[PDB]
Amino acid sequence: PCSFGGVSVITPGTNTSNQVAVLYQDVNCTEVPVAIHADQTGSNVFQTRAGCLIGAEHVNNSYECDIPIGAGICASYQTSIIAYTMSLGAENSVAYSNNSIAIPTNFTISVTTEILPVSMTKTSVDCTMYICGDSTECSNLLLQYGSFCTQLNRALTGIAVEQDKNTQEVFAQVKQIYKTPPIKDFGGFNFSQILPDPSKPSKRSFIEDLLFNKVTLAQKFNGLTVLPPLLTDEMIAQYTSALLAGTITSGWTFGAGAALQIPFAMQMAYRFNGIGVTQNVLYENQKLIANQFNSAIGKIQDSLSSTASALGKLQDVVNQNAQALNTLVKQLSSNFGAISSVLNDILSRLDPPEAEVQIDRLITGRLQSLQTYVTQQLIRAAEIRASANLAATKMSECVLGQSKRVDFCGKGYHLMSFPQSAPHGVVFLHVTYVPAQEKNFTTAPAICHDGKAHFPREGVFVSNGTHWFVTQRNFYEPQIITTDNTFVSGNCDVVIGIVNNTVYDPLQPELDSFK
Amino acid sequence: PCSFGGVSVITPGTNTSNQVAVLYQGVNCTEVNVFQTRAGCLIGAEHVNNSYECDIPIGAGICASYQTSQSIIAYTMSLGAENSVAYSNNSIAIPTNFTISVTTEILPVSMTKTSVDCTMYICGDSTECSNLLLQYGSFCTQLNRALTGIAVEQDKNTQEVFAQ
Amino acid sequence: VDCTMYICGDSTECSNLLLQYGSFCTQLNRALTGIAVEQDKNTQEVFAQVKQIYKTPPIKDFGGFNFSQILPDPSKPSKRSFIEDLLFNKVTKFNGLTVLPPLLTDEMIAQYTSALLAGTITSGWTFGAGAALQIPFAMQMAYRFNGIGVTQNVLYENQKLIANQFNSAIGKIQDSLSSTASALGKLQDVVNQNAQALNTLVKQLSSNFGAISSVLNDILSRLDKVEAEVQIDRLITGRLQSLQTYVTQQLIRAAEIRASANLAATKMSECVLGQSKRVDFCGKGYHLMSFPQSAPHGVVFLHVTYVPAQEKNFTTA
Amino acid sequence: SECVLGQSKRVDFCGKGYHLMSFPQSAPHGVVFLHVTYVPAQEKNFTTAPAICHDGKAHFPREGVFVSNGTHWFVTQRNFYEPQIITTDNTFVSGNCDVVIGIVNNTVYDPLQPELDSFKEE
Amino acid sequence: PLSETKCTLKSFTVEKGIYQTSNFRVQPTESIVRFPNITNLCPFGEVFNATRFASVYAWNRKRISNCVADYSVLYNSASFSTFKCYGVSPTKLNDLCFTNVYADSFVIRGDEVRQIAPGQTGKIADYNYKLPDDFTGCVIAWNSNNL
Amino acid sequence: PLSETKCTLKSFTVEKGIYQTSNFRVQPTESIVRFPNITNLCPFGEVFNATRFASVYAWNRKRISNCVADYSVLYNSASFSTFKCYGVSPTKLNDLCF
Ligand SMILES: *[C@@H]1O[C@H](CO)[C@@H](O)[C@H](O)[C@H]1NC(C)=O
Ligand SMILES: *[C@@H]1O[C@H](CO)[C@@H](O)[C@H](O)[C@H]1NC(C)=O
Ligand SMILES: *[C@@H]1O[C@H](CO)[C@@H](O)[C@H](O)[C@H]1NC(C)=O
Ligand SMILES: *[C@@H]1O[C@H](CO)[C@@H](O)[C@H](O)[C@H]1NC(C)=O
Ligand SMILES: *[C@@H]1O[C@H](CO)[C@@H](O)[C@H](O)[C@H]1NC(C)=O
Ligand SMILES: *[C@@H]1O[C@H](CO)[C@@H](O)[C@H](O)[C@H]1NC(C)=O
Ligand SMILES: *[C@@H]1O[C@H](CO)[C@@H](O)[C@H](O)[C@H]1NC(C)=O
Ligand SMILES: *[C@@H]1O[C@H](CO)[C@@H](O)[C@H](O)[C@H]1NC(C)=O
Ligand SMILES: *[C@@H]1O[C@H](CO)[C@@H](O)[C@H](O)[C@H]1NC(C)=O
Ligand SMILES: *[C@@H]1O[C@H](CO)[C@@H](O)[C@H](O)[C@H]1NC(C)=O
Ligand SMILES: *[C@@H]1O[C@H](CO)[C@@H](O)[C@H](O)[C@H]1NC(C)=O
Ligand SMILES: *[C@@H]1O[C@H](CO)[C@@H](O)[C@H](O)[C@H]1NC(C)=O
Ligand SMILES: *[C@@H]1O[C@H](CO)[C@@H](O)[C@H](O)[C@H]1NC(C)=O
Ligand SMILES: *[C@@H]1O[C@H](CO)[C@@H](O)[C@H](O)[C@H]1NC(C)=O
Ligand SMILES: *[C@@H]1O[C@H](CO)[C@@H](O)[C@H](O)[C@H]1NC(C)=O
Ligand SMILES: *[C@@H]1O[C@H](CO)[C@@H](O)[C@H](O)[C@H]1NC(C)=O
C-alpha cells in the first residue's frame, strides 16, 4: 500500500513565536513536499524513527524534554525550533567504596503541591425532550423502542449519588466539627496562609481566594440539567478547617478516638521519631525550622502565584467534561440523512403517514449519539472514583497520622500534611524532610574490642581519620562509643571487615569515683 | 423555551407513612408550604433552622427527614457538633483507660458469572434470523468473549482474596 | 485509528455520507489519542521516579554478592542485562491502523532501570528521598534486618552463608525463566488481548451488514446514486459500530492497564526505593529489598524475603 | 494480606483506631473483615515539659514525655498513663540547657548513687 | 407523586430515599400564527391552463415569488391523473413558506412519466430534463386528449 | 500550520504542544487496467467472409459461444449498409455482453 498517515504541528505556543514545525509519520521522506495536503514545504529535512519532520534542525547537544514527538525526540525554542534526543538529567556515577557512609549535616524542609480530582459535576440528562422536545407523536415512537432511556437515568442517577458518595467518603472522615483556637502562638510557626480568616466570607482561607479565581471554565437551556453538589461549597472549607484543627492543635490522635492535648512545638518530636531522628534536633534548631517552614509556606503561594504549570489536571477535568457536554449539544444540529435537524421542519412540509420514516433514522442517530455520552461519562466516572478512593486514602494515612510508605505523600520523608479546599479536588501540603550537605567519612560496619564484637543500637561508626564516633542512620550528630549504645555477641574473627578501637565504659569512672 | 425541569420525589419508606414531598429541579417557585433551594423548588417540606444530621440528601447542603404531628422537614445539614480542643504550649492529655472496639468492614469480591448466547437472545431458534445474524459476521462472538473474560476474572478475584 | 480510512476506502461518496453523520469519528479519534497520552504517562510515572542517572562503579567488590545477572553488560550493543535478554526473547495494515511508537525506547527504559539499580546497590534507600548517600552493600542489609527485627550480628556472623544463598537464588531465577515459558503469560495475555481485537477489527469488512456486497468498490461500480446510498447507509452503521465497539474494548482494558500501572509504581516506590513494612505485598515473606528489570510493555521485580525454617519447640512464659 | 496476616501501621486502613489484628468472615459474593482496634479513652489533662535541665545537661526521654500533675514530675508512655520515676535509663542527654526552649528544672534520680552512697555509709 | 413513584419502580413499596419519576414542562397556552402577506395571488392557473405549452426539448421555466400561494384550491380540485411530491407531502404545502417557486412546464408521453422521477434514469431524464436526487417539490401530470 | 491548528481547536491562542489534526495520501497516477493474454478470437471469418452463402428459408442457426468477437474491427472497416444496433451503443457492447 502506498504510504499515508497522520500529520501534525509542533508549535512553541502562539504568542511566543510563529516558527512552526511539521511532522510526517513513518513515511520515507522522499515524496513528502509534493503530493497533497501541504499548507504551503521548506528547506531542512531530518529523519527520525517516528518518521521525518520539516521545520527544525537536529542538534547533537541534548536537553531536558519539553514536547514529546516520539522515539526519544523532543522539541523546543532557542531564538529557533530544533529537535533533539532527550536527556535524562546529570549523568554522574557518584562515589562508592566499601568503607564510606555519606551522612547529611544541614537540612531543608520543603513543600510540594500535589492535587487530585475528587469529584465531577453531577450532570443529568432528560430522556424524552432531548430526543424530541415536548412533541407528542415523536414521543409515541419513542415508547415503542421499549425502555432505553429508563435505564440511562438510573445509570446517570447511579453515578449522581456516586460522587456524592465520593465527597462524603473523602472529607468527612472525622465525625465532628472542630474549633480552631483563638490565640495564635504556636512556636513561631506562622500558619497564616492556611488558617481560615474571619475578614473573608466567614469561613474562607488565604489560599482559596488565590485558588477560586484561578480555576474557571455551558448554562441552563434546552436538554440539560446541572444539579448542584450535595455538600454545599461553603462548608467544604468547614470540614477542612476542622481537619486543620486537631492536627494543628490536638495532634494525630483524633483519627483514632477522643482528642488529646499536646502543644505543636513538641508534636514534631514525635514526628522526628517518625523517621528515626532523636528529639534533641528539634529544640536545638527550633527557630531554624521556623523560617524554612515559613519560606516553604511562603513559596507555596508564589509558585502558584502567576501561572504554575501544575494546575493542569484539575483545570481540564471541567473542560473535557464541558466539551463532552457541548458535543452532545452539536448533535441536535446533526442531520443523519433526514432533511432537517429541528423536528418542526419535518412536521411542516411532510406527510404524517410517511414522515415517521425520516423520524425513524432521526430517533436512532440521536440515540446512537446518546450512547456515546453514556460510555464517555461512565469510563471516566470509574476512573475518577478509583482515583478518588486513592485520594481519600491519601487523606487517610497522610493527614490523620504519620505514614511510612515512602514516596506516597510528598517526595521525601513524610513529616505531616495540610489539606486545603479546592473546586473539585483536594490540595495537600506535603511537608517532607529533605537532607543535604553531606560529608563522606571513614566508616566501618563493626567494632572489635576484647575479641568480642560490638554493634550500635541504631546508626553507624564514622571516623575523621583518628577518632571513631556514633551517629544515627539519617542525621549527623557524633557521640562517644559507650557501653549502653551497643551490645555484644560472638568472637571477633568470624566477621570480615572489622577495624579496631577501644570502647569506653561509663561504669569504670563510676568504679573510679569511689576508691 | 418555557420552563421545564426534572421532577423527583422525596419520601421516607412506606412502612412509616405515605406523606411525600416534591422537588421541581432547576425551576423556582414562581412557575409551578413552599421552600426555595438552589436545587430547585421544594414543596411538601417545612424549613427548620435547627441542624440535624442528614437522613435524605437533596442538594446544595439541604437534607430531609420525617420526624415529629409528623411531616417532612428540610434543613441545612450539620457536620457533627461544634467543638474545639483546648490548647497551650504546656498542656497535654494522656489516656488513663482504653476500650477495645470491633469495627465491621464489608467489601464485595465477586458477582454472578452470567453468560449469554447472542443467537439465542436475538433469534429464538429460527434459521432465517440466524442466517441474517451471520451476515453481521462476528460481532456476537465478541460479546460472548467479553462475558467469558468476566466469568474467569470473577473466579480469579475470589482466588486472590481467599487463597492467601 | 483513522476514522475515514476504516469507514471508507477511497470513495468521496462514502466520505460525504460520513460528514453528515456529525462529529462522530473525531470523538473516537480523541479518546484513542487520550489512551495514547495515558500509555506514555504510565511509562513516565513508573520508571522516572528518580531525579538523575547513576551508573555503577567499576569495582565488583561487594563482600561476595554478585549482580552481573541484573547489571547490564557493556559488551552488548543494547546495554541490557542477561535476565532482560531472557525477557526479551520469551515474548513474540492500510486501513487506518497505525502503530505510533512508544515515547521511550527500551534502551532508554534500560537507562532508568540501571539508574535505579545502581543507587539501590550503592546508596541505601536514601537516594529516593533526597541527595544520594553512599554505603557499603554489606551494611545495607544491616539496615534492612533492623527493618524486620533482626539483630545485625546475624547478617555479619553469616555473611558468607547469605551471599552464596543469594547467588544460588539468582541462578534459580535465571533457570526458571530460561526454561519455562508459562510464567511470562501475564505479559503474553496483554499483547494477545491486544492482538485479538485488531484481527476482529479488520475482519468485519468481510461482513455485508445486509448489503449486496461487503466490499465498497463493487457497489460504487454497479449502481447509481440513489439506490446505492441506501446500501452505503447499511455499510456505515456496523462498520462505525464495530469501531465504537473497538473503542469501548480498548478503553475498559486501558483502565485495567491504568489500574495495573499505579500498583506497579507504588511497588517501585514501596519495595525498590525503600523497605515497606507491609507484609504480603512484594513477594512472600518479611520484605527486605528488590531489584527492577526492563521488560517489553512491562516491568519485572525481583523481591528478596526472609523466610525462616528448621524450628524446634519451646516452652514459653 | 496486611491486616490478617499482620498488623497494619497504616492508620485507619483496617478499622478506626490503632490496629491490632483482624478476622475474616465469608459472605456471599464478598468478604467481611472484623477489625479489632485499640481506642484510648478516659484521659486527664496534665501540664508537660519538652525537656529537663538537671545540672546544665538537658535531659530528653528515650520514650514517653515528661508530665506534671502538681508538685511532682514524672515520665510516662504515650497512649497510657503509667507514671514512672525519672531515671537516667528512661532518658538521655544532649547538649546544655541554654539552647532548649520551654524547658523546666527538676532533679533526676540516678540508680547508681544510692548503692554507692550505701557503700560510703559503710 | 407517590403513585408516580410506585408506577416508576414497578412495586407497591417505596423505601426511604429520593427517586426521580418524571419531567415537568410548561405547556403552551395558545397558538400564534404569523406569515408574510402579499396582496398578489400566485398565477398557477395561467400555466396549467395555457393554451399552447412548451416541448420537452425547450421546456418552460416560469418563476414565482412576491405572491400569496393558494395550493389548496389547486389540490382540492380534480383534474390531475397523479399528484406526487418528494421530500414534502402534498397536503402540507399550504403550511410552509418559501423564498422562491419555479414552475417547470412541458408535455410528455405516458409511458415516460414512469421515468420523470428524481434520480430515476432513462432517456428523457438524462438527455432532456433532469431532477436532482435531493429534489424537493411536487410533480403534477394530467392526461391530454383534447388539449 | 499555525492556523491549521485553529481549523479544529476552535480558538486562536493554541497552547504549546502537539496536535494530531491532519492526514494525507498519495493520489493515483496512471490507472492501468490488465487482462489475460487475449488470444481467444471468435471465428467470424467463416460467417462474414465466408464463401458458401445461404438464403432466408434455410438459415443455419450456427452457434457462437465462449470466445471474444472483436467488434472493433467490424466498425472501422466502414463498408456496411444497414449497421444498426437496437438498444445498445457500439461503444460498450464489448463491455456488457449477452
Ligand atoms: C503568552 O501568554 C501567556 C499568558 O497569556 C504568558 O504567560 C506568556 O508569558 C506569554 N508569552 C510571551 C512570549 O509573552
Ligand atoms: C528510504 O529510502 C532510502 C533509499 O531509497 C533508504 O536508504 C532509507 O533507508 C529509507 N528509509 C528507511 C527509514 O528505511
Ligand atoms: C552534529 O551532527 C551532524 C550530523 O551528523 C554532524 O555532521 C556534525 O559533525 C555534528 N557536530 C557538530 C559540531 O555540528
Ligand atoms: C504571618 O505572616 C503574615 C504575612 O502577611 C504576617 O502578616 C503575620 O504577622 C505573620 N504572623 C506571625 C505570627 O508571624
Ligand atoms: C569522599 O571522600 C574522598 C576523600 O579523599 C574524596 O576524594 C571524595 O571526593 C569524597 N566524595 C564525595 C564528597 O562525594
Ligand atoms: C575529629 O573530631 C574530633 C572531635 O573533637 C577532634 O578532636 C579531632 O581534632 C578531629 N580531627 C581528627 C583528624 O581527628
Ligand atoms: C575494601 O576493598 C579493598 C580493596 O578494594 C580491600 O583491601 C579491603 O579489605 C576492603 N574492605 C572491606 C571492609 O571490604
Ligand atoms: C412493617 O410493615 C408491617 C405491616 O405494615 C408492620 O407489621 C411492621 O410493624 C412494619 N414495621 C414497623 C417498623 O412498623
Ligand atoms: C425565579 O428566578 C430567581 C432565581 O432564583 C428567583 O430569585 C426569583 O424569585 C424567581 N423569579 C422571580 C421573577 O421572582
Ligand atoms: C429561624 O431563623 C430565623 C432567623 O431569621 C428565626 O426567625 C427563627 O426563630 C429560627 N428558628 C428557630 C427554631 O429559632
Ligand atoms: C515439638 O515440636 C514438633 C514440631 O512441630 C511438634 O509437632 C510437637 O508437638 C512438639 N512437642 C510438644 C510436646 O508440643
Ligand atoms: C482538662 O481536660 C479536659 C479534656 O476534655 C478539658 O475539658 C479541659 O479544658 C482540660 N484542662 C484545661 C485547663 O483546659
Ligand atoms: C508558652 O508561651 C507563653 C507565652 O504567652 C509563656 O508564658 C509560657 O511560659 C510558654 N510555655 C513554655 C513551656 O514555653
Ligand atoms: C384553470 O385553472 C383554474 C385554476 O388554476 C381554474 O379556475 C379553471 O377552472 C381552469 N380551467 C379549466 C378549463 O378547468
Ligand atoms: C502472449 O504471451 C506470449 C508468451 O511469451 C508473449 O510473447 C506475447 O507478447 C503475449 N501477447 C500479448 C498480446 O502480450
Ligand atoms: C474480410 O477479408 C478482408 C481481406 O481478406 C479483410 O480486410 C476484412 O477485414 C475481412 N472482414 C471480415 C468481417 O472478416
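Residue numbers (the UniProt record's numbering), protein chains in the order written: chain A, 589 to 628, 638 to 676, 691 to 828, 852 to 1149; chain B, 589 to 620, 641 to 676, 689 to 784; chain C, 736 to 827, 854 to 1078; chain D, 1030 to 1151; chain E, 295 to 441; chain F, 295 to 392. Quick reminder that beta carbons are idealized off the backbone N, C-alpha and C, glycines included.
- Cβ proximity to chain A below 8 Å picks out 1005, 1009, 1012, 1013, 1016 from the segment 1001-1016 of chain C.
- If you draw a straight line from the Cα of residue 751/C to the Cα of residue 743/C, it is about 10 Å long.
- About 37 Å separates the Cβ atoms of residue 1028/A and residue 1075/A, ruling out a contact at the 8 Å cut-off.
- Placement of the Cβ of residue 606/B at a distance of 6 Å or more from every heavy atom of ligand 8 is found.
- Per DSSP, the beta-bridge partners of residue 1087/D are 1082/D.
- Proximity annotation: ligand 15 has residues 331/F, 332/F, 333/F in chain order, each selected because its CB is closer than 7 Å to a heavy atom of the ligand.
- For residue 826/C, no Cβ of chain E is located within less than 7 Å of the residue's own Cβ.
- At least one heavy atom of ligand 13 lies closer than 6 Å to the C-beta of residue 1131/D.
- In this model, residue 307/F and residue 656/B are separated by some 51 Å (Cα to Cα).
- Excluding residues up to 5 positions away in sequence, 390, 430, 431, 432 lie with their Cβ nearer than 8 Å to the Cβ of residue 382/E in the same chain.
- Considering only 1035/C, 1065/C, 970/C, the residue with the shortest C-alpha distance to residue 756/B is 970/C.
- Taking CB atoms only, residue 1093/D has no neighbour in chain A less than 7 Å away.
- In this structure, residue 594/A has its CB at a distance of at least 6 Å from all heavy atoms of ligand 16.
- Not a single C-beta of chain A is nearer than 7 Å to the C-beta of residue 769/B.
- Applying a distance threshold of 5 Å between residue Cβ atoms and the heavy atoms of ligand 1 selects 603/A, 604/A, given in chain order.
- In the DSSP assignment, residue 1043/C falls outside any alpha helix (DSSP H), carrying neither H nor E.
- In this structure, the C-beta of residue 1070/D stays at least 6 Å away from each heavy atom of ligand 12.
- What residue 737/C touches in chain F, judged by beta-carbon distance under 9 Å, is 317, going in chain order.
- For residue 940/C, the enclosing alpha helix (DSSP H) starts and ends at 920-940.
- Residue state for residue 728/A is assigned as strand, using DSSP reduced to three classes.
- With 5 Å as the limit, the residues whose C-beta approaches a heavy atom of ligand 16 more closely than that are 339/F, 342/F, 343/F, in chain order.
- Each residue's CA atom was taken as its position, placing residue 962/A and residue 1064/A some 40 Å apart.
- By the CB criterion at 7 Å, residue 894/A and residue 706/B fall outside the cutoff.
- In the structure shown, the three-state DSSP call for residue 299/E is helix.
- For residue 897/A, the residues of chain B that pass the 9 Å Cβ criterion are 707, 708, 709, 710, 711, 712, in the order they occur in the chain.
- Excluding the 5 residues flanking it on each side, residue 792/A has same chain C-beta neighbours closer than 7 Å at 883, in chain order.
- Every residue whose beta carbon comes nearer than 5 Å to a heavy atom of ligand 5 appears here in chain order: 706/A, 1074/A.
- Here residue 718/A carries a strand assignment [DSSP, helix/strand/coil].
- Proximity of chain A to residue 307/F at the Cβ level (cut-off 9 Å) is accounted for by 601, 602, 603, in chain order.
- Here residue 645/B is not near residue 1070/D, since their CB atoms are 7 Å or more apart.
- As a beta-bridge residue in DSSP terms, residue 1072/A pairs with 715/A.
- Under the Cβ criterion (8 Å, minimum of three pairs), the segment 1082-1101 of chain D counts as touching the segment 906-926 of chain A.
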